[PDB]
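**Q** Mind having a look at this structure? Questions to follow.
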Amino acid sequence: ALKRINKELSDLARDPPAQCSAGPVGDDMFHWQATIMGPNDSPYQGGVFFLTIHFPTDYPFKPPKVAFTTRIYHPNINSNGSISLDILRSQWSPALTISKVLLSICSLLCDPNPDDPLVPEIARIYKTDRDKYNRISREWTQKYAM
Amino acid sequence: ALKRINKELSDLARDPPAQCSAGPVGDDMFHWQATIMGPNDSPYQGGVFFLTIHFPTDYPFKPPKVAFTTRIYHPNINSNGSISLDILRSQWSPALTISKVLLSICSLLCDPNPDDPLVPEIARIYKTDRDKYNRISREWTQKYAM
Amino acid sequence: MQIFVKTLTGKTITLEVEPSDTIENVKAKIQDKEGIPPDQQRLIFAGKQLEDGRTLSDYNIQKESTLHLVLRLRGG
Amino acid sequence: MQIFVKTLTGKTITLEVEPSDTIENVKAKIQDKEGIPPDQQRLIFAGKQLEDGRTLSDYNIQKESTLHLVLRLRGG
């Protein structure tokens, strides 16, 4: 997995994701730390969100384990930072990259998947009361992401 | 033991343990089934854990046999669900109750005893790399406890 | 009959039911009050996870009993 | 000299040792690589449980021998 991890790391170097960045936290290639700017469209705007990426020994056969460390108000993201994204589980492909995963996560922030939620109460609010969801999501961005 | 088992069963009825419940599985008083919510503080949060309780004929002179049926990542709990808690063995008292045992187990989930482990490799991780232990413990909660 | 449902956030729901009401009916009442579909509902009582096709009296749930509502993830 | 230790998880440890190394020394090397204290270590070879105060040559363990590391519970 080490060669694959390095090629990916360098790849971000030549074509760096906008409003995203990642790297090894320290000297361990398997363990990376990443940032996501709140997407301009989203209610998360202005917040900076930190994430951890851990690569399994079997990577890229098996998907990287990705979680939020920064607190966030999302139907698809729980209090512990765990993420419900298809690309991380069922729909993973060795073809896919961390850059793609980060892009997928940014997209997820813009458009949540309420029907298959990680937090049912938030999903309910997003569905029946979008204004309240946007308003609360903003409160948390300032409270936790600035 | 039957009168003692009933008094305990009813006791939980008047003062029910928070984030815990227990009862006879069926018509046999000796064999009980119990649930523990992952404690809010712990990495087990959001998981629901099931346990079996079997009362020895000699109860309460002898301790109830308690085990996890739900899979869990713990230094003090093994793959087969067996539990290393003092109250279950050396430190049992006829004075003690199932409610107390469940409370003790909840406490155990919040604070593991690595130095006297049931799984040495997990205890090592909890001790030297708490972040990895919290991260893996969360992976198992979603994988097995939701 | 009146029973309580305790959520993970620490809120208590107050339901009006009958002993012959199925666990499916109860989840529907929880949807009326909380707007959570039964899909994402999971009830615990007396050490058991309550099955949808059984009644409250099957689990011998009676007045003022407190049920526990927890998550039911289908994995997304 | 080189010997292997097989764990219950199916991992193989690769140690560097000498025939005069005690079983105590070997457990210390296993701690260097796996971080498990000798307390919680238990070694098996040739039907025997290896005693801490004896050497690898006492048990006639030689190059490329595979030892089995298993649990040593003190009961907690």
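According to its header, this structure was worked out by X-ray crystallography, 2.3 Å.
Placed from the backbone N, Cα and C atoms, the Cβ positions cover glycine too.
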**Q** According to Swiss-Prot, one residue among D:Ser20, D:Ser65 carries the annotation phosphoserine; which one is it?
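**A** The candidate carrying the phosphoserine note in Swiss-Prot is D:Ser65.
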**Q** In three-state terms from DSSP, label D:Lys6 (ubiquitin cross-link) for me.
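**A** Where D:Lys6 (ubiquitin cross-link) sits, the three-state DSSP reduction gives strand.
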**Q** Within its own chain, what residues at least 6 apart in sequence put their Cβ under 8 Å from the Cβ of D:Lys6 (ubiquitin cross-link), listed in sequence order?
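**A** The list for D:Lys6 (ubiquitin cross-link) reads D:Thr12, D:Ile13, D:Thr66, D:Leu67, D:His68, D:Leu69, given in order along the sequence.
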**Q** Tell me, how many other CB atoms lie within 10 A of the CB of D:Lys11 (ubiquitin cross-link), whichever protein chain they belong to?
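**A** Excluding its own Cβ, D:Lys11 (ubiquitin cross-link) sees 11 Cβ atoms within 10 Å.
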**Q** Tally the residues of the domain 'Ubiquitin-like 1' (D:1-76) by DSSP class, grouping H, G and I as helix, E and B as strand, and everything else as coil.
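**A** So the counts come to 15 helix, 23 strand, 38 coil.
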**Q** I'm trying to understand the geometry here, so how far is the Cα atom of D:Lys48 (ubiquitin cross-link) from the Cα atom of D:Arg54 (site 'Interacts with activating enzyme'), in Å to the nearest whole number?
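**A** Taking the Cα atoms only, D:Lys48 (ubiquitin cross-link) lies 12 Å from D:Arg54 (site 'Interacts with activating enzyme').
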**Q** Could you list the residues of the same chain, at least six apart in sequence, whose Cβ is under 8 A from the Cβ of D:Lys27 (ubiquitin cross-link)?
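**A** Sequence-distant Cβ neighbours: D:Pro38, D:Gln41, D:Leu43, D:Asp52.
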**Q** At the Cα level, what's the spacing in Å between D:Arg54 (site 'Interacts with activating enzyme') and D:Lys11 (ubiquitin cross-link), rounded?
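**A** Rounded to the nearest whole number, the Cα-Cα distance is 25 Å.
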